Amino acid sequence: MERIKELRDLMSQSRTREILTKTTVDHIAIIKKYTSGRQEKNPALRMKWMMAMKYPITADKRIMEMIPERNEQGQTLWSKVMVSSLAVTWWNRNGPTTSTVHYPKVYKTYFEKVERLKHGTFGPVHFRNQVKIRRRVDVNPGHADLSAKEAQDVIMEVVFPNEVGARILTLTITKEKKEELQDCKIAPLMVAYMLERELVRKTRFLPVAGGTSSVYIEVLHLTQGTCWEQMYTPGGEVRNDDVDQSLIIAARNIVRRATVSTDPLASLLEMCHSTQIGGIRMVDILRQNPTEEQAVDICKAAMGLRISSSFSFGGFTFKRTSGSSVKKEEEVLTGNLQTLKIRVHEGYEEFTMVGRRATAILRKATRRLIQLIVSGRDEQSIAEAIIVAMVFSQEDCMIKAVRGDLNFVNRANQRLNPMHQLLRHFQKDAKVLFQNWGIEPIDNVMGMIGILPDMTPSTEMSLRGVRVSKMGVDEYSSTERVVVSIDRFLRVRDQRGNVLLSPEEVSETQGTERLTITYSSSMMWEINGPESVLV
Amino acid sequence: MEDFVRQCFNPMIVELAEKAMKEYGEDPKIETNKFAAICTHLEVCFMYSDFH
Amino acid sequence: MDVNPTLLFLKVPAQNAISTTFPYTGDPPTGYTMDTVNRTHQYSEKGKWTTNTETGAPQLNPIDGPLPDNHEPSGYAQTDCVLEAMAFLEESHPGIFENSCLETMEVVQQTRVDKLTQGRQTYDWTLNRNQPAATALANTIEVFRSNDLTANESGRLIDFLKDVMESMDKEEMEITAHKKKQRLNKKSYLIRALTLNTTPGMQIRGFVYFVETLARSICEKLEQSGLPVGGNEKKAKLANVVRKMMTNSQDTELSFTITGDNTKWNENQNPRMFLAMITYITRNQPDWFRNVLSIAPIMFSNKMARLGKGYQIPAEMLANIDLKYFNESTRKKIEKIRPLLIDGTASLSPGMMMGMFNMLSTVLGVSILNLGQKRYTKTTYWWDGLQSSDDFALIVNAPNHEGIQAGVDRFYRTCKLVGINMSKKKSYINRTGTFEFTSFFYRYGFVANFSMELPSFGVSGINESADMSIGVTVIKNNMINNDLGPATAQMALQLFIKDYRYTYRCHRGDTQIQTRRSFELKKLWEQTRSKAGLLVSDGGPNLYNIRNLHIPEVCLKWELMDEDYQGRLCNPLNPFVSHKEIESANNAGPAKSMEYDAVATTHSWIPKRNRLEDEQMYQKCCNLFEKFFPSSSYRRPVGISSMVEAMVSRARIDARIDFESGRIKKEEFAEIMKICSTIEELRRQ
Amino acid sequence: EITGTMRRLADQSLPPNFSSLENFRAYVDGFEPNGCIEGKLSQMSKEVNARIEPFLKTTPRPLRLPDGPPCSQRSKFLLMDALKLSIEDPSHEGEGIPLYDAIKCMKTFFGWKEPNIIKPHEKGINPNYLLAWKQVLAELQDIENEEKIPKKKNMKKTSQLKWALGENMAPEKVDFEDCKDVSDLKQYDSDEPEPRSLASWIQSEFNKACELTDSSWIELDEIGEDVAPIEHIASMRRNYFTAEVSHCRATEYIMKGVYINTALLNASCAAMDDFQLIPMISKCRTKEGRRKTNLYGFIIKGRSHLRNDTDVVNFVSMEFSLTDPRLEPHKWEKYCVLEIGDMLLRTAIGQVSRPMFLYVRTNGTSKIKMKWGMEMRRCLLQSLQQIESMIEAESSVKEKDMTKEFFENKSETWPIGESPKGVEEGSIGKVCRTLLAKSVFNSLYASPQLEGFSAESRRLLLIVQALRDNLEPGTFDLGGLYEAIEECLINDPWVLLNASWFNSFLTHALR
């Protein structure tokens, strides 16, 4: 009866009966935000005044049999339920000591950071005009990369089972939590809040100076500054930087395998519906994991999920920055007496291309390349970037640089479209193009040095439109979620008929599994162990 | 609604919604409530039909 | 000898220490409204007079009027020029507006009424005064419930908008006073609904949110509009565009850079031009969408400015008086403003208040920037720049030092064409490589002196643990977000430490200075062996430094405490915790609050009592519901049934479960269930 | 839909060539991006243009300056002239009661001469001031007779003091409908102020503001152990700056404003109905390290019916001094002075016995006015960061950042002064305290004219700095910028000293 009488005497006033009748439960969040909102009268000054005054604290009435009125020096700390501050410190010294010290199992999200700082070996501070990399990373470290809703449902189950949501489907985390803290409840609302802090992901956009994981971000204020930087290795690793890698490799190998299938789309679909990753189905991971990569984007597209409007090419993901596209089919002659019809994009465009190890900005008119600004790590990376750039230039200058017949097929011996053919021809050797491109004298301005065909930096001369950037070009992961139209051949055409994604830029160095993955749909076992094939 | 609809349903009902909307050219981008209602009706009929 | 600090600049260039010119950290300490009216209506006096048909307030419509005659600021813009520039921008971006409109449609689909509360003070016409958000919202809802207009009960904001429309459709509107239910003719209702202050009215706010949301989905996809981001991000947007202009091979091109502002910008933006650009953004879009996103500009087309108090001489008495009882200046101003006002409200057609359409103004500025990418210029000169509401930065490049002035001329001309009166005063030129942009400064380097309002290093004042962590958290945030030096963070930290110690009358037990509390603290200090492990609130040494500004105090000292110390401290069986509000800081712009661990930290309580105005309606119900279901404080609940149909059933199940095996007397149970049946019988009618 | 009472405004919202908004929507939907811009340019006059005007090193003219009465002082409290009451009393600061910590300050002086009025308000009944002063002494000696010591003494509602605070000074609150056809019903004057010309004393006060004393004035709280990379660097920055500015007199100024405004507000909450006494207390630590308490004067508070934050409360200040007002009279326009006695002043050869004076003024404040002053320690941070900024920007160009070499090299000199028509170079700590005092005075003398001047000086200084780098800048409306500057220059003496600083800087900017 403790509670309901307030409801009854609340149902006494008709203007309250009406609101208690009409508004429904789905709307309670919309009504708790109806507050006067005036008691914001300088919390500093009100706090100071209330601290000067005795007894600002509200306790329960059960302090009588727990703490005394007179302290060990005869100090008054009660009223007639108000309590002064000294009672806290007295109880802070000598009271009911308790073995509830098992606390560091719900607050592990903090003591993980503590331990990371414990063995967190440091390094020297090499000051430098640090350049901001416009990257996007997570905020919570080691949270298994779980979305908010699928995590808060488990939360609601573990903390308030007597009012769980209607999701009853029949992950042992439920069992582990219900067992380790069954009768050792601490503070319900705070327990659930801190668990939501521990497990729920959230990833957004920040300028960083080399920090990859989340652990390199929670200590950003130590690392990053105006013109300084401090390398600090916490001595550890999390899931969010090495869980998605397993799905990446599994989808890359799945696409590598799907080409030989008659209808690669159907085999891929059965694979994705059957394949299990870390005990979790791959389909749900695709629906919930925001990782951007060709294989993952294509597998998501097969289930009709929006991705970024990218003109992915040369291993480099592209993004529309400005400019329009016009078809303008055209004839082309090779260096070995061969005719080729190709889709020369008409109109003006301006793009920013992001790569695995490099980035660049480009402006492009009708068969015109201008202002190519590149930044990479290795000589090989800037080499590949400049190569795919000159391929994309579509000038006749690169047209002249064709040597040998052009026969490059899929792993199923299938004729590839000409762009990828040129790319794969130049990737092994493309030194001949620079010597026949043209050189221009530069002025050594703004820390932008030139590059020569022999892969040598130079001061006062460079290629036409080329620029070597320092410590990274400004990335931008534009947010777009647009529908796509995949075909039966694992080709991607969103709305305009432009080839977006294709299984020609999918492979790199050997795949090394971290997460244990299992396929169950179709053959897809010629790679796994032979004993695995039998069993 | 739209992205959730693509989350909680099969692509075959998606293609059926495509075909039924093309019957009158009903653009899904606007008739999102019609999108949900039609996918609902289809899956209702199906789970009424299974194992009978 | 005499001392001069400014002479310092003979040794160190200005951009390295311009912060010395920033004097203050915060902000230092009814007639100006007439000055604003005269200023706006002077920049638009071209005989566009039309007495309103539904307000009777004469209105000037200076759009597409004569071209500027004098060099002085002017508010004349031709419609076709603006729309042509907008279409030119879309020619620079394919259908991107429809993507932004799709995000906006998603918003208008999910958005409930709550997003009307997170914001600054509003204006309620129920009391004809500025009031907080929920006050005006609750009074409006209850006066709507006074009549049949009750669509808002669905909860979706669009239904609130339909309620607003139907309210405009009704002639008589009974205003209850707290009784005296007699006021508010139709005409005065229309007039007051359009009343503006300094600060939107009640109805338009939701709509402006929609418009502003649109700008977000636009501006996030535009590089030349870097307003919505905060601090560090803008840094990058400074170096990229530079490379797009000065990094040109065979550098015979000459790149100049100006940083300018637009004097009296905000008083010139005519809402009808906004109507036009919105409509073009809604090209062949669904009808009702055009109807909804066109509300706010139309409401601003006929908007009234409130005066309020006056000098006593209430504002609504400025109609029957002779112009001799005043000074010369007031006499002249009233002469030039007298017939324009009606019903204690000033008539302001071409106006716009600073802080309303700043993001759409940035859209317009990025448009006038986009109009010069050597594809709409057909000339040698080509420019690009970064835009804000009023303070913009431009880089114009031309290969010859003679035509650069022609490019700057085209910029200023086209800006005059769209109502952008470029301030000749608050503007300065130099060679590319060093400039200003909204308190940002670039001389081969960065500085974030826009939001460099060093934090309230004083305590936030709710707790002993949450307050410390909140202070140090804002320290770290302004350390990375509103970039400041590290040693400045150290000084602000130790200042906060002293302020927090002296706020809770607890310095430490190693210094003999004595509070009304230090005795017990020193006794604790004595009986503890591991001294460092003690909390700061419990007389502990401050060892918070840069490397651990994020770890809460509790977890950091957690190992170094004594076993009994922890077993007594973190014990949640403490009698001080009472289940009420937590985490609510909500500082005004968004409202952010990031608190951390709490154990036996319940200090700052009992804020004084202060028992239409009857706030005792909503929060009572919500708190009672929370008292029934704790989950209401963590996850947005999910349920269709009515409040009572859930609470009664829950109470019956609770009585059942704690009677059968629990602890309750059968008579108390029977009375509980009889009371529940009484509730049921009362809810049936 | 958009029905009547709404569409009626929508079709009334269109530009002046249309009738209904539906025709407008059709006209916008079907649009011709034909390029009317070129024709509009061809139609507009050639005079409407941003004709770039150059900016050469011979263009900058020194700023104009107001002429007329010398600049008085509106500072809330005294800068250098006030005198301390050294007690060296370590009362453990057990919330050391500020009134009874002041009765001993009073007990520690002898030679309280008869109150001798020297400099009046130049207008008004002055004897009320000295009557209030003797009443202060009376209530200071009428305490032990009320059987109980009261922790604060509520001054009597006395007529001379009622006039000093203007509590009795109140007009009629009359509705206009009653006071009809009145002869003196003309408006309030509300005249804009007169241009107060520059005087020479503000620079001397600023000079004395940057000097060092023998007291410490600070308790900079402890910091945890410093790890190798930066915490050591952050230490060797902040602690060196502290030791170079710890004992600065501007610290005393900040603490003075803090304590006075703090006591005023903390009583204004609880003295909500009656008068109270306000001791102007400061604290410091001796060179031998003993907590010393100083007293500067007394202040009497008016009514504190503070409903809102901008609510005005009048107050009266009486500050001690050894600076004779008879020296420079025009400085103290708002002040009335009393020859109050003689004090001992020890020298290398005995005492000198200089007279003691009491400066009294009437002013007003409010809640926000005080809290801007309870947080004046901010002027420290603004200083350090505007030092720390230079520690990074000018040291951005280095592999090993120039941080310790910023200090630790006295050969590095900073041009800071020019008295004998010659550039005077100084060391670091003088600059550190100089910037601290800059932010301090800007905070306490905070005036909107200073805001406007800073805004308009940033532009001119940036342009001159660009020209010094030989980057051929230009302007748009130079006369207009001078016009705005002169428009933001009336009476603030701090502003005027900054202006003369700026002019001498441009003269010494090698331009």
# chains A, B, ... in the order shown; residues from 1 in each chain; ligands from 1
>>> residues_around(residues="residue 36 (chain B)", least_positions_apart="6", cutoff="8 Å", atoms="only C-alpha atoms", output="JSON, numbers by chain")
{"B": [1, 2, 5]}
>>> atom_distance(atom1="CA of residue 181 (chain D)", atom2="CA of residue 335 (chain C)")
21.3 Å
>>> interface_residues(of="chain B", to="chain C", cutoff="12 Å", atoms="only C-alpha atoms", output="NGL selection string")
:B and (1-4 or 27 or 29-33)
>>> residues_around(residues="residue 601 (chain C)", least_positions_apart="4", cutoff="9 Å", atoms="only C-alpha atoms", output="list in words")
residues 88 of chain A; 463, 464, 465, 466, 576 and 577 of chain C
>>> residues_around(residues="region 59-67 of chain D", least_positions_apart="3", cutoff="6 Å", atoms="only C-alpha atoms", output="PDB file with N, CA and C atoms, in the first residue's frame")
ATOM      1  N   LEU D  56      50.430  50.495 -46.689  1.00  0.00           N
ATOM      2  CA  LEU D  56      51.881  50.566 -46.640  1.00  0.00           C
ATOM      3  C   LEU D  56      52.326  51.105 -45.287  1.00  0.00           C
ATOM      4  N   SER D 197      39.574  63.003 -20.682  1.00  0.00           N
ATOM      5  CA  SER D 197      40.876  62.942 -21.327  1.00  0.00           C
ATOM      6  C   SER D 197      41.842  62.096 -20.503  1.00  0.00           C
ATOM      7  N   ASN D 503      49.915  53.542 -29.813  1.00  0.00           N
ATOM      8  CA  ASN D 503      50.464  54.591 -30.664  1.00  0.00           C
ATOM      9  C   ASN D 503      51.985  54.612 -30.602  1.00  0.00           C
TER      10      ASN D 503
END
>>> residues_around(residues="residue 57 (chain C)", least_positions_apart="6", cutoff="7 Å", atoms="only C-alpha atoms", output="list in words")
residues 51, 340, 342 and 347 of chain C
>>> closest_atom_pairs(of="chain A", to="chain B", cutoff="8 Å", atoms="only C-alpha atoms", output="CSV")
residue,atom,partner,partner_atom,distance
A:287,CA,B:7,CA,7.1
A:303,CA,B:11,CA,6.7
A:304,CA,B:6,CA,6.9
A:305,CA,B:6,CA,7.3
>>> write_last_selection(atoms="N, CA and C atoms", output="short mmCIF file (atom, residue, chain, number, x, y, z; two decimals), in the first residue's frame")
data_model
loop_
_atom_site.label_atom_id
_atom_site.label_comp_id
_atom_site.auth_asym_id
_atom_site.auth_seq_id
_atom_site.Cartn_x
_atom_site.Cartn_y
_atom_site.Cartn_z
N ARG A 287 24.63 -7.01 -40.43
CA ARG A 287 23.57 -6.04 -40.16
C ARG A 287 23.96 -5.05 -39.07
N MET A 303 22.38 -8.74 -49.07
CA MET A 303 21.21 -8.67 -48.22
C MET A 303 20.55 -7.30 -48.25
N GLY A 304 20.83 -6.50 -49.27
CA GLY A 304 20.14 -5.23 -49.48
C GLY A 304 20.41 -4.15 -48.46
N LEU A 305 21.66 -4.02 -48.01
CA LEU A 305 22.02 -3.00 -47.04
C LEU A 305 22.73 -1.83 -47.71
#
